[PDB]
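In C-alpha cells, the next block holds one chain alone, the form deposited in one PDB entry.
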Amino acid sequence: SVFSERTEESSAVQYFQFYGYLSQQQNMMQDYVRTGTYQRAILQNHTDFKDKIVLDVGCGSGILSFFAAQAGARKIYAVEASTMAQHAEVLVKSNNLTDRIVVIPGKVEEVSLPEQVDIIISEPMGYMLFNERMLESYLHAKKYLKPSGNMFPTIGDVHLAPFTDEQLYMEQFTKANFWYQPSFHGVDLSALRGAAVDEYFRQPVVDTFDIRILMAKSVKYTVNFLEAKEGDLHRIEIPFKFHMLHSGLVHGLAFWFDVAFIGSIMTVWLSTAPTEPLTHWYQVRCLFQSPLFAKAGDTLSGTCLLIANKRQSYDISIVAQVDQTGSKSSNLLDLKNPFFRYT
C-alpha cells in the first residue's frame, strides 16, 4: 500500500498503538478549542452534510463522525487504523447510529469503501502542522472524493516568525554544556561537545510564549487540501522574507498554523496562533545554535525545507540570513525529538 511504502513498520506499530489508548483520545477530546471548533464548522455548514456521504479519515473515538451525523449525513464511513476503531463501534451502537456511521477498521490507504463520498473530514494536523505525516493520508483519501466534493479542513496555513528569547537559548545551551566537562567522574566528555550542542539545538521547542518576543510580522505558507497531491508533502519548501520590526538577537523561528473549513454557508477557522487561546498543539520554536543580530528595517530571508522520512516525520533544514550583512544561520530540526517545555 501507499502507507506501508512510505512508513517504517516500526514507526507505524508504535504510532497506532499510541492512538489506541482512551486516555489519549480523551486528551484530544478535552481540547475544547479543537473539538468545539470542529463541531461548529460542521454544524454551521450542515447543508454540506445533510443527506451526504462522508468519509472520516482517522476517526479515533468517532467524535467527528458524530458531528457529521448531527448535521444530517446520510452515511458516514469512519476509518481508523488503531484498535480505537473497536471503541468507536461501541459508541455508534450506544448512540443508536448504526444505520448512519459505519466504522471501517484499517488504514485509509488499504481499506475498501463501497462508494465515493461528497466530503472528507479529518483532524490530521500534528505539531507545526506536518508532524506525523497524517496529511498525506488525508490527501490520499481523495481517491474516494467525488469531483466537486469538499475537504474539511479545506486549507492549512503555516505561519513563521522570528523571535528573540535569550532565556530559552541559555536553557538549551546549559543542558548541552554538560558535554563540555573535562572530568565527569574523571572522564573527559568534551570531545562530544559539538555533537551535544547539535543534538539539543535540533529539538523543536513545543510550548507557548508571549507574542512580544516576535520580531517581525509572520510569513504564511498555504496548503490547499482540495488541490494538493500526496506526493507534494514529501518535499515542502517554505520561502520567507521578514521585515524586522525590532532590533536585536534573533534566536530562531516560531511556527504555528491555522486551518479553514470552507463550507457553503461559512468559513470557520481553527487557529493555533500565540494570539489565540491555547490548544494542545501549543506553538513550535526552532532555535539557532548561534543567534543572528538584526536591526529594525533589515530583512531576514531564507527557506524552511521539510523532507519526509520513513518515521512519519521530516528532516527539516532552516537557513536564514540577514540580507544586509550576510549573517547566515543553517540549522537542522529533528521533529522526532521535540522538547516539551510547557508546564
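Position 1 is the first residue in the sequence shown; the rest follow in order. Take the two forms, find the largest set of C-alpha atoms that superpose within 1.5 Å, and that set is the rigid core.
Below, we turn to the form deposited in another entry, even though it does not appear here.
Asker: Given a rigid core superposition of the two forms, which one of 166, 210, 188, 237 has its CA shift by 2 angstroms or more between this form and the one not shown?
Answerer: None of the others reach 2 Å, which leaves 188.
Asker: Does residue 221 shift between this form and the one not shown by 2 angstroms or more at the C-alpha, the core having been superposed?
Answerer: No, because once the rigid core is superposed, the C-alpha of residue 221 moves less than 2 Å between this form and the one not shown.
Asker: So that I can tell if residue 269 moves, could you say whether its C-alpha shifts by at least 2 Å between this form and the one not shown after the core superposition?
Answerer: Residue 269 C-alpha, core-superposed: shift of less than 2 Å.
Asker: Once you line up the core, how about residue 144: does its CA shift reach 2 Å between this form and the one not shown?
Answerer: Residue 144: C-alpha displaced by less than 2 Å between this form and the one not shown.
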